[PDB]
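**Student:** let's see this in three dimensions:
(one chain, ligands or ions: 1)
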Amino acid sequence: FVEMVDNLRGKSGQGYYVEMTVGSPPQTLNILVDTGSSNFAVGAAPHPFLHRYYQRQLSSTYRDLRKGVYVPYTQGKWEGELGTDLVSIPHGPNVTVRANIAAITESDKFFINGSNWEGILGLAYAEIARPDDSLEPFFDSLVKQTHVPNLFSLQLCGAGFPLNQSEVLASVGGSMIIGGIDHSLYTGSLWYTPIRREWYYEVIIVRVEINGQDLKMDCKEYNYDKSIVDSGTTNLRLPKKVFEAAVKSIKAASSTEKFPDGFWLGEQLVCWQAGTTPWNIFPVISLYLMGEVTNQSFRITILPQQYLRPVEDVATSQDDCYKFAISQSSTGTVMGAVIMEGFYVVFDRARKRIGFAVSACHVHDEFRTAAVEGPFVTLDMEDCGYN
Ligand SMILES: CC[C@H](C)[C@@]1(NC(C)=O)CCN([C@@H](CCc2ccccc2)C(=O)N[C@@H](Cc2ccccc2)[C@H](O)CNCc2cccc(OC)c2)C1=O
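**Tutor:** Numbering: from 1, shown residues only. Have a look at this structure:
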């Protein structure tokens, strides 16, 4: 799998993309990797923020399905036209697949200026595909037409510092291993949690610690009304109630300095002198995930290097600046790229389960490192899922 290594590019704020080809002759496009949706979709018409797009009239292998699709994301939406075409992944498995493609004709707050991607790859399951679950998602088509194992894995790689467009261009953003686990991408052991149901990549959080201290809520609250691993979300997003007590406990640990309320809302930046960011003063966060064996459990631990998202100083100065990447949600927990950056995340679809190991890729300091650790027994653990 050395072919697929380093095939990703981008950053958490604007998503990580892979190079794919679309149609005959091969039309090259950068495609956002999204484990939190199920639609394969590309821009098909000129757009302010697009430097290239899908041209069906120029593809001999394109097929019109004569059907409209509208996909509303949590923030952003697009209207498109259903069709299939032959699709390949240049820095992926050497295969070609006819797969459903949504040709995006209209869009609002979807495309991002200077992001460098022109499409989205919905890696999740049919159940959440639009317009309905009869639209076979890409990875399904891929797995059904080829010999590639029902398995893919993601190493999303934060820099720990801001990237101007030409740097995101030139930097390695991580890896997408289609059909395997690459052992050079992680250090330590691989811990698996079960996928609760095959719509989103749904998992169950059993317990939450801020600097080892229990948030001590009814565990159900952590998975209200679901908890998903989502490539296409920046933040770690938590249910109103969970966010509240997580932000209270985090504010507590960080008393030393005080910050604008706008910072905690993910709305205002915060800046320190170059190299001066006080990582030690900010707490670690541990998430306990239901284990494979009964009553077993494991935890993933993230540092402020993960949940404090770097952004460029608008000022001329050399300040290191950040936005708080933990935000309120009314649709459940979303373990975004911010978390995913800490780990090598294995999507073992074949075995209906998600793996976690410490990323060779993750940002840390000298005193702390991100962790995946276990097992944990004491855990009162079954009623944690929401119905
Ligand atoms: C890659 C990050 C991206 C650049 C973005 N950056 C920032 C800084 O906000 C912008 C959008 N966004 C979040 C919302 C954040 C947010 C949340 C609340 C308020 C403000 C911002 C999101 O909606 N992402 C989409 C994919 C996507 C990628 C790029 C553009 C649009 C969508 C997921 O697929 C949704 N999964 C749940 C889901 C929900 C419904 C139907 C579903 O099935 C079809 C699946 C991000 O993190």
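
**Student:** in stretch 201-216, which residues are buried?
**Tutor:** By 16 or more other CB atoms under 10 Å, the buried positions in stretch 201-216 come out as 201, 202, 203, 204, 205, 206, 207, 208, 209, 210, 215. Yep, even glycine has a C-beta here, placed from its N, CA and C like the rest.

**Student:** let me have those in TSV, extended by distance to the ligand.
**Tutor:** Compiled in TSV, the buried residues of stretch 201-216 are given as follows (distance: CB to the nearest ligand atom, whole Å):
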residue	distance to the ligand
201	10
202	11
203	14
204	17
205	17
206	22
207	24
208	20
209	25
210	23
215	22
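
**Student:** longest helix in this protein, by residue count?
**Tutor:** Criterion DSSP state H: the longest helix present in the chain is helix 240-253.

**Student:** and it, anywhere near the ligand?
**Tutor:** No. Helix 240-253 lies out of reach of the ligand by CB under 6 Å from any ligand atom, never closer than 12.2 Å.

**Student:** tally up the residues packed near the residue nearest to residue 332 when sequence neighbours are not counted, please.
**Tutor:** Of all residues not flanking residue 332 in the chain, residue 226 sits nearest, at 4.1 Å (CB to CB, 6 or more residues apart in numbering). Here the number of neighbours of residue 226 (other CB atoms under 10 Å) works out to 19.

**Student:** residue 226 is in contact with residue 330, isn't it?
**Tutor:** No. Between residue 226 and residue 330 there is no contact under CB atoms under 8 Å: 11.6 Å.

**Student:** from residue 252, how far out is residue 281?
**Tutor:** 12 Å (CB to CB, to the nearest Å).

**Student:** just residue 58 next, same as before
**Tutor:** Counting by CB to CB, the gap from residue 58 to residue 252 is 59 Å.

**Student:** residues in contact with the residue in the stretch 101-250 of the chain that the ligand sits nearest to?
**Tutor:** Of all residues in the stretch 101-250 of the chain, the one sitting closest to the ligand is residue 232 (3.0 Å; CB to the nearest ligand atom). By CB atoms under 8 Å, 6 or more residues apart in numbering, the residues touching residue 232 are 15, 32, 33, 34, 35, 36, 37, 73, 120.

**Student:** is the last one in contact with residue 37, as I believe?
**Tutor:** In other words, residue 120. Yes. Taking contacts as CB under 8 Å, residue 120 lies within contact range of residue 37: 6.8 Å.
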